[PDB]
Amino acid sequence: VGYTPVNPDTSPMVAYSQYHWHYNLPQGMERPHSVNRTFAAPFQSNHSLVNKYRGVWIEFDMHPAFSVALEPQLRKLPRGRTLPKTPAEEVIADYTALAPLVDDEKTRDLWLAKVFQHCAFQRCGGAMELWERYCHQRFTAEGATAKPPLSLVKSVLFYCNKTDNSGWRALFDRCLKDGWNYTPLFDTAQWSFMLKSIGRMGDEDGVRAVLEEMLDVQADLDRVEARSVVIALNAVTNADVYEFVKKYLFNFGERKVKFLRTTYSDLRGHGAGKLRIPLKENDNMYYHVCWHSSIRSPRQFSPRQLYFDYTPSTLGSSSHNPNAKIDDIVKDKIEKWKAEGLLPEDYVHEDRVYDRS
Amino acid sequence: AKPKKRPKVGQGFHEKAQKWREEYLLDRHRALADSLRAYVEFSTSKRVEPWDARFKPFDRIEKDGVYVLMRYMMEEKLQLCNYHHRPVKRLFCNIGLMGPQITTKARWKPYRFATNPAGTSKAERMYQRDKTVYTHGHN
Amino acid sequence: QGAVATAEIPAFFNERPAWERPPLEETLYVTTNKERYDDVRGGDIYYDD
Amino acid sequence: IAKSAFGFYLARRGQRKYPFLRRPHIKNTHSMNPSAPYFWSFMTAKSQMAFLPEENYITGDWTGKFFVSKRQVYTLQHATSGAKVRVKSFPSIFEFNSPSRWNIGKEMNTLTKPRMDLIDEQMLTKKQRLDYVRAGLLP
Amino acid sequence: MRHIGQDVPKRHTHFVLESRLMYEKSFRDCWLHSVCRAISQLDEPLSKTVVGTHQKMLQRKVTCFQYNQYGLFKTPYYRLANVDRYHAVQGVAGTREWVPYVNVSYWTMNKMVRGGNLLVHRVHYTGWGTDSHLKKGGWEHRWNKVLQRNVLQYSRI
RNA sequence: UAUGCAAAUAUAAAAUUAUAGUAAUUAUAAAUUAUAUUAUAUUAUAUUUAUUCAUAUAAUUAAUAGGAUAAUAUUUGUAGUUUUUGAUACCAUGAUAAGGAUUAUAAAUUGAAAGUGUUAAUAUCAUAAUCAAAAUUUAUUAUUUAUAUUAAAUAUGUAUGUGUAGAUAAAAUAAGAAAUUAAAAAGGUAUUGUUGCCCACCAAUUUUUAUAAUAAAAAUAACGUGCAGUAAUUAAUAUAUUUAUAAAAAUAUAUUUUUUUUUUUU
Ligand SMILES: O=c1ccn([C@@H]2O[C@H](COP(=O)(O)OP(=O)(O)OP(=O)(O)O)[C@@H](O)[C@H]2O)c(=O)[nH]1
Ligand SMILES: [Mg+2]
């Protein structure tokens, strides 16, 4: 007894009462429990995977002879998780001076993909001339029939997303299902980079197209980073695409939408310095994201806030109200009778009591 | 409820306590100097013989027994040690020729009886010592 | 008889034998175990309909 | 009757016996006990090689201490500098306005008398004054 | 604060948390303080490498560092007051108003044993219980047997 | 301390009180309640030891948040001020202790339930809390006595005075102790039950008989003086005398609704 509670595991009186097992009775397991086998939860970690690559991979794989031959040139190009800091113009010049020499389309494509990756890492926007020089004539032009390698197209997309180039649509439309059909092979990192770049560029239709394609191709919305989604959804202003975003926001999980709201709030508030480019003010999208998170999250109970202004019925609180209207009930009954037809329709009713106010 | 401040120490007590403490410290300085002087003088001054002349080893006449050994072998160092009980016992241990006879059979006068001066001839001397000297019972 | 302990038996140890049970008791009858709103004063606080 | 916050919270429980050297509230009433031969080995660090306690030094970027700690050992600079030295004691504080060279190397708690012999005649009540007179402490 | 909407029935229960925090600070500082104290007052030479001035200067510097260590847990364990975690009643270890195994005061122990809140067995009040070591030598014998079981049992490497 | 002056309980009766008008019945009974062993007999009690007893300090109690060898969330770095009010420096219901006097030898334990600071409903300025180095005046506490005396957390400088007044503490259990001892009766007027009923006086209001400077009687929860009665503190009852702040008290005589103690010609 008292304010301090009694722990039943330590208290022997509870453990030896008639509602538990007495020590004289045999001690043995009763009703063995299997919780982890009947329904096993997937491993969802609050902390992000520390050993994750956290970047776009280019799947660099060429013939060993060509690789060792180009090794002096390839030392400057990025390796696996190793990024040399050579100037981008040096590797661009090396490629534009040595590509005609080596006779292998696949090797040239892989080398150009590595060049694009390096210049994207350095955020050097001058490399699109390489694409126009080499790939544009045969891979995408007036109905080009060639099939570009996945490594090259992924590298080009990464470069255009990093440089916020406006030429990404001409390649993405080819990468839809009716063309090259390289959408299912795009990594979630690639999708996040695309979404962040389009959100920064402020394209209204690009975000809608990318989100619809991701849903169609089963991209992992949960593993897509929250900041990229927030930036992509900040740029929508048109009513139609806004309605599309409203109806599409239900695809994300509850935890995902909660952390989307958290990231949006912190970024447009205190975390405005986290982004290199400040985010534009979109109060409509901010409010809708907050409202959607509130809808999806479980609703708690706050009775005082809910019923602060609650007032009881006139008849219920007549005894406790000194100045309350009681003839209103008779007026309502008269109106109900007139509607029913028992009383004459639209009969003149005079006030039954004085007005005390 | 509504607590109020209540004085605890006298209004003028603090300064009086301070000056009393200062005067007590000065008096303690004087007494410390006096006690150091008295302790050094007591340590240097010769004390009475710390051995009982009524027990088996120290019973022979002064012309025989251990007294001959004391007078002809270790007499010189007794004056230098001023007949204090600890040095005389240590010298008796180190001189040999007695073995364990200084502890297994010999006895010595009590701690407050062995600290009397060279010539006392009275039992009540230990209570005649100065009392204001804080030498911890060392005359 | 009075109880001397309490165990969480999975309820299929002591079932009603089939021949004294309504037919299959699942599709024909829908049973919901709710709680009385009146003062129980002793009895089944959670009763099924 | 000592007046403190812990007086109400805790209880004396009579003249209860505590483990040796483990009384809860230490009150070194014997710090000022004088002993000339044991001057350097009473209420002081046992080894002469030990450094002075941390309380004798300033560690951080201080702004000022109202009084120094009792364990701080008096040094020559305390008297030579002619600065202000204070030690917290009942009732309020004791200030070293009489710098002397005879207290160098001794702790300030040893120098200061904890149980002051002076008795305040002001805050004493009628019954308490009668009790003190009966005990002989007051005329 | 200031007894506005207090949740715990007793304000003094927070002193238990404060005592736990001071114990954690002791856990942090028990090695550094001990090492500094050992180095500072070691008169003998440490080794061939450090002797004479190279040792005395090092001792002075490490003592200066120890003094500069702000917030070091100097206080010993026996001078830290023990306060019950159930009713915030103070008891001093070594007396009968504190039990070592349960870390609760005499009053709390009596209340818990008189009710059902702690599985204990009753023995004679004027005996040595049922333990063989207590019957053999008593408190000191069982204390030494605990030491023997802990440390002296092992042939240390 | 009977000679005179003096009808008087041994009962022909109609609810209490009152002059035969005052108030609304009045009395009484039973049960129970702490005062009285008796002398062989359910136990011999009777010896040893001890007594200069003291300690408390420097203020903030009202959230959850997971990391290597896991198929991928920057959730790296999780960001919405402000409408409540008691265990706090009183008070703020309950609950554990100490306190040996009659169920005993026997295959056995010499510690109790009648309650001890902290604990679970009464609120309405309450920041009183150790993390060292600290301030006897307060009932409830076995200290070392005369050969050798201060080294590690800092640890007691005071009181030698014919084993010495009064007062007082402990033990009949692995220790050593042995003939006079427990074992009757005996009471409520109280029911709110002795911290009780009740008594007059004092004090205050008022009623009835009365008109005569009258007298008498009756009702009333708190005052004042007391303690008269209630086995009730030198018993009570009746009549007579006497004293007077008041209940009453003391005497003379007669009674016990006073509770009681054994002698059939020594
Ligand atoms: O999920 C996160 C968290 C933080 N950041 C931080 O953003 C900083 C740059 O700010 P931005 O992230 O706005 O720039 P960006 O679009 O050029 O970034 P990338 O796609 O190239 O990464 C970077 O230095 C990084 O630490 C992210 O880029 N992403
Ligand atoms: Mg009477």
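Residues numbered from 1 in each chain as written, not as in the entry; some residues may be left out. Chains lettered and ligands numbered in written order. Part of a larger assembly, values for the part shown. Heavy atoms only, no water.

Per the PDB entry, chain E is named uS14m, and its organism is Trypanosoma brucei brucei. The header of this PDB entry states its title as "Late assembly intermediate of the Trypanosoma brucei mitoribosomal small subunit".

As recorded by the PDB entry, chain A carries the name mS57 and is attributed to Trypanosoma brucei brucei.

K.L.:
Could you give an account of the interface of chain D and chain E, with specific residues and numbers?
P.N.:
Each partner contributes residues to the interface: chain D has 16 residues there, and chain E has 17 residues. Here chain D packs against chain E, burying approximately 1400 Å² in sum over the two surfaces, 54% of which is carbon and sulfur. Area buried by chain D at its contact with chain E is led by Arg22, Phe51 and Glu54 of chain D, which between them contribute 38% of it. Here chain D and chain E share 3 salt bridges between them. Across the pair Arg16 of chain D and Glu97 of chain E runs a salt bridge whose closest N-O atoms are separated by 2.6 Å. Here chain D is connected to chain E by 5 residue pairs in polar contact. Within the side of chain D that touches chain E, the residues separate by chemical class into 10 nonpolar, 1 polar and 5 charged. (Contact = heavy atoms within 4.5 Å. Buried area = accessible area lost by both parts, 1.4 Å probe. Salt bridge = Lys/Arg side-chain N within 4 Å of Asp/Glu carboxyl O. Polar contact = N/O pair within 3.5 Å; in protein donor to acceptor, adjacent residues only side chain to side chain. Nonpolar A, V, L, I, M, F, W, Y, C, P; charged D, E, K, R; others polar.)

K.L.:
Any chance you could break down a negative patch on the surface for me, citing the residues and the numbers?
P.N.:
All names here are of chain A. A cluster of acidic residues, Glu204, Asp205, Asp240 and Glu243, forms a negative patch on the protein surface. Elements with a contribution of two residues or more to the negative patch: α10 (204–217) and α12 (239–248). Of note, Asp205 is situated in helix α10. (Patch = residues over 30% accessible without salt bridge, like charges linked within 9 Å, V, L, I, M, F, W, Y side chains within 5 Å. Areas by Shrake-Rupley, 256 points an atom, 1.4 Å probe, with all protein chains shown as cover. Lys, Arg positive; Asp, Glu negative; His and termini not counted. Charge placed at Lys NZ, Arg CZ, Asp CG, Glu CD. Helix = DSSP H or I, 4+ residues; strand = E, 2+ residues; numbered from the N terminus.)

K.L.:
Hey, could you go over the packing of helix α1 (residues 14–40) of chain E against helix α2 (residues 53–68) of chain E for me, with residue numbers and the actual values?
P.N.:
Residues and elements named next belong to chain E. Interaxial distance between α1 and α2 falls to 9 Å at its minimum, and their mutual angle equals 150°. Note that α1 runs across α2; the crossing there is left-handed. Every residue of α2 that contacts α1 at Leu32, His33, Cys36, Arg37, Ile39 and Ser40 is listed here: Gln59, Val62, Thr63, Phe65 and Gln66. Split into classes, the residues belonging to the contact of α1 with α2 amount to 5 nonpolar, 5 polar and 1 charged. (Axes fitted to C-alpha atoms, helices over the stretch in contact; angles between N-to-C directions. Left-handed = near helix turned anticlockwise from the far one by under 90°.)

K.L.:
Before we move on, could you go through unusual backbone geometry and cite the residues and values that matter?
P.N.:
The linkage connecting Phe90 of chain D with the following residue, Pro91 of chain D, adopts the cis geometry, with an omega of 0°. Here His136 of chain B, not a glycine, exhibits a phi torsion of approximately 60°, which is positive. When you line up the elements, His136 of chain B lands in the segment after α4 (85–95). For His136 of chain B, a relative accessible area of 56% puts it in the exposed group. Positive phi values are uncommon outside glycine, yet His3 of chain E reaches one of about 55°. Along the chain, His3 of chain E turns up in the segment before α1. For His3 of chain E, a relative accessible area of 55% corresponds to the exposed category. (Buried < 20%, exposed > 50% of the residue type's maximum accessible area, 1.4 Å probe, protein only.)

K.L.:
Give a description of the state of the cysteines that names residues and reports values.
P.N.:
This model, assessed by the stated rule, comprises 0 disulfides over all chains. Free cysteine: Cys135 of chain A, not disulfide-bonded; nearest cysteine sulfur from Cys119 of chain A at 12 Å. For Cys135 of chain A, a relative accessible area of 0% gives the class buried. For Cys64 of chain E, which is in no disulfide, the shortest distance to another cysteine sulfur is to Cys36 of chain E and amounts to 11 Å. (Disulfide = S-S within 2.5 Å.)

K.L.:
Which residues make up the UniProt feature "binding site: UTP" (unreviewed entry) in chain A, and what values go with them?
P.N.:
All names here are of chain A. The positions that UniProt labels "binding site: UTP" (unreviewed entry) are, in the present scheme, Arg123, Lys162, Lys196, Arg200, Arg227 and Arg276. Relative to the helices and strands, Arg123 is located in the loop between α5 (105–121) and α6 (128–134). Here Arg123 falls in the partly exposed class, since its relative accessible area comes to 39%. Setting aside its immediate chain neighbours within four residues, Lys162 contacts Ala120, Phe121, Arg123, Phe193 and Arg200. (UniProt positions renumbered as here; feature names shortened; annotations may be inferred.)

K.L.:
Residues and numbers for the protein's contact with RNA strand F, please.
P.N.:
Not every one of the 131 residues close to RNA strand F is listed here, only the nearest: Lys89 of chain B, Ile1 of chain D together with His3, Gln6 and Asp7 of chain E. Sugar and phosphate atoms constitute 46% of the interface atoms of RNA strand F, taking the interface as everything within 4 Å of the protein. Between RNA strand F and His270 of chain A, the relevant distance is 3.4 Å, taken from a base nitrogen to a side-chain nitrogen or oxygen of the residue. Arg107 of chain B is positioned such that a nitrogen or oxygen atom in its side chain is 3.4 Å from a base nitrogen of RNA strand F. Taken together, the residues of the surface near RNA strand F break down into 53 nonpolar, 41 polar and 37 charged. (Near = heavy atom within 4 Å.)

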